[PDB]
Amino acid sequence: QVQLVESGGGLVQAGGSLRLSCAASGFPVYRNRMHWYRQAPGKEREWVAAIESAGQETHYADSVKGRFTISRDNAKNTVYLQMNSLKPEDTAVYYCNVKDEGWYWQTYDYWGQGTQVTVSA
Amino acid sequence: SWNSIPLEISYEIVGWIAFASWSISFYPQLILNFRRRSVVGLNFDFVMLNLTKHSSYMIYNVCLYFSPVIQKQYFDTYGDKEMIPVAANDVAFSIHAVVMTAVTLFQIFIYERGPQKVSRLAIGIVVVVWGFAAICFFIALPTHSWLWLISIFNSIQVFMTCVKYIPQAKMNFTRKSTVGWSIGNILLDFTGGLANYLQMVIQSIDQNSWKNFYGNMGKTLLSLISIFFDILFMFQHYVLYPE
Ligand SMILES: N[C@@H](CSSC[C@H](N)C(=O)O)C(=O)O
């Protein structure tokens, strides 16, 4: 019953900015630590950014740090990845993510469907 | 002093089963973290507190299994004809659990990432627990009362076994589903708790003495808390919150 719907992705020229979106059903975004991840052709899923639950605190990978900004619109139940200063490198399917973190057993990752962001040099 | 060879064998087999069904469940996380070269999802506090738990238990099992000086104190306190309530597999589990907990700590530094460092109320816990241990060590030193001190390390392992199962069950309750329910893992934890209780009982049936249950009250409460919480998790999942 929780759903994650990505949108905003597509082709943009290197140097360009995109604003990725993540529509969230079945759960409040402000009451949760929300993540963005990415999968490139042949590469493995890379953690990209995360925002803290009841707080504005944000953490970013060294590959996107400074250029990517993860925000949250509680008033629309959506998470955003304002991905700025893009480079062809960043070509990957970006998934928004929300985990049901466990104490001892495995943590349950809720993925989205994906939105290709292809940066063209 | 084993009287019965069949019983001694049974005690050894269920003892090695307890080591199998418990130590095997450390690997799925380690495999996952290597494959992904990341630990964004692991509860860093839990791994830290599970190292403390596994170290207290390790001190008790290794010291009672390898110190004649501590064994002499075990025979003075609990009785002359008493069998030491620590088995080879108890020592093997403790050494293998501390090793697998330090490897996951290696994976957390070397892979890490995300917004997880956790280390507040949890770190606090480690401070108070190793500080308490330290006070107790200086109390046991002026008389070389080593068996009393390793009985504290085992009480600390009991405390941390509660720290393992309580917050987990507490999450499932304050939330709803049994999210993260692993039938395999839950079955194997249950298995280790029954096998470790059965081991103690087989030792009691042979020597004809229930004193092993107080001599190693850490292992008696470890198994019973494990079985109790597993039945609860079962009873969360199979009834109280299906999905
Ligand atoms: N058998 C022990 C626990 S060791 S399992 C530790 C591992 N990190 C996990 O639970 O996933 C008990 O009686 O609770």
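Taken together, the values in this text are just the output of simple stated rules run on the coordinates, not laboratory data. Every residue, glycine among them, receives a Cβ derived from its backbone with ideal geometry; neighbour counts consider all protein chains shown.
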**Q.** Number of positions in the stretch A:35-70 that are surrounded by fewer than 13 Cβ atoms within 10 Å (Cβ to Cβ) and charged (D, E, K, R)
**A.** 5
Q) Which of the residues belonging to the stretch A:18-29 are surrounded by 16 or more Cβ atoms within 10 Å (Cβ to Cβ) and more than 14 Å from every other protein chain (Cβ to nearest Cβ)? A) A:18, A:20, A:21, A:22, A:23, A:24, A:29
Q. Taking the stretch B:138-162 as the search range and keeping residues that are touching a helix residue (DSSP H, G or I) at 6+ places or on another chain (Cβ under 6 Å) and either at the interface with chain A (Cβ under 9 Å from one of its Cβ atoms) or more than 20 Å from residue B:222 (Cα to Cα) (or both), which one is surrounded by the most Cβ atoms within 10 Å (Cβ to Cβ)?
A. B:146
Q) Hey, which of the strands (runs of 3 or more DSSP E) in the stretch A:30-70, taking only ones fully inside, have at least 1 residues that are more than 11 Å from every other protein chain (Cβ to nearest Cβ) and either closer than 21 Å to residue B:32 by Cβ or polar (S, T, N, Q) (or both)? A) A:34-39
Q) Within the bounds of the stretch B:171-180, is there any residue that is touching a strand residue (DSSP E or B) at 6+ places or on another chain (Cβ under 6 Å) and β-branched (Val, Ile, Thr)? A) yes
**Q.** Near pairs, Cβ below 7 angstrom, 6+ apart or cross-chain, from the stretch A:91-108 (over 25 Å from residue A:7 (Cα atoms)) to any residue that is within 16 Å of the ligand (Cβ to nearest atom) and among the aromatic types (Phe, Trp, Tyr)
**A.** A:103/B:46; A:104/B:46
Q: State all residues of the stretch A:71-121 that are under 13 Å from residue A:35 (Cβ atoms) and not in a strand (DSSP E or B); if no residue qualifies, say none.
A: A:101, A:107, A:111, A:112
(Q) Yes or no: the stretch A:101-111 includes at least one residue that is on the phi > 0 side of the Ramachandran plot and within 14 Å of another protein chain (Cβ to nearest Cβ). (A) no
Q: Could you please let me know if residue B:187 is in a helix (DSSP H, G or I) and within 14 Å of the ligand (Cβ to nearest atom)?
A: yes
Q | residue B:58 vs. criteria of a type in the set (A, V, I, L, M, F, W, C), in a helix (DSSP H, G or I) and in contact (Cβ under 8 Å) with a residue 60 or more places away in the chain | A | no
Q: Within the stretch B:28-50, work out how many residues are touching a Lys or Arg at 6+ places or on another chain (Cβ under 9 Å) and part of a helix (DSSP H, G or I).
A: 6
Q. Can you name every residue in the stretch B:7-41 that is buried (at least 18 other Cβ atoms within 10 Å of the Cβ), among the β-branched types (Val, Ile, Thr) and within 16 Å of the ligand (Cβ to nearest atom)?
A. B:14, B:17, B:39
Q. If we scan the stretch B:61-68, do we find a residue that is under 23 Å from residue A:104 (Cα atoms) and crowded, with 21+ Cβ neighbours inside 10 Å?
A. no
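Consider the stretch A:17-38. How many of its residues are under 21 Å from residue A:66 (Cα atoms) and under 14 Å from the mean Cα position of the chain (by Cα)?
Going through the stretch A:17-38 one residue at a time, the tally reaches 11.
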(Q) Of the residues B:17, B:13, B:9, only one is away from chain A (no Cβ under 14 Å), touching a residue at least 40 places away in the same chain (Cβ under 8 Å) and β-branched (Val, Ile, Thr); which? (A) B:17
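Residues to consider are B:174, B:101; find the one that is touching a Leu at 6+ places or on another chain (Cβ under 6 Å) and either charged (D, E, K, R) or within 30 Å of residue A:37 (Cβ to Cβ) (or both).
Sole residue among the options that is touching a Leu at 6+ places or on another chain (Cβ under 6 Å) and either charged (D, E, K, R) or within 30 Å of residue A:37 (Cβ to Cβ) (or both): B:101.
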Q: Search the stretch B:67-89 for residues being within 16 Å of the ligand (Cβ to nearest atom) and out of contact with any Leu (no Cβ under 9 Å at 6 or more places or on another chain), and hand back the single one that is nearest to residue A:61 (Cα to Cα).
A: B:89
Q: Restricting attention to the stretch B:127-176, report how many residues are in a helix (DSSP H, G or I) and away from the ligand (no atom under 16 Å from the Cβ).
A: 26
Q) Are any of the residues in the stretch B:58-66 among the aromatic types (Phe, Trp, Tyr) and more than 16 Å from the ligand (Cβ to nearest atom)? A) yes
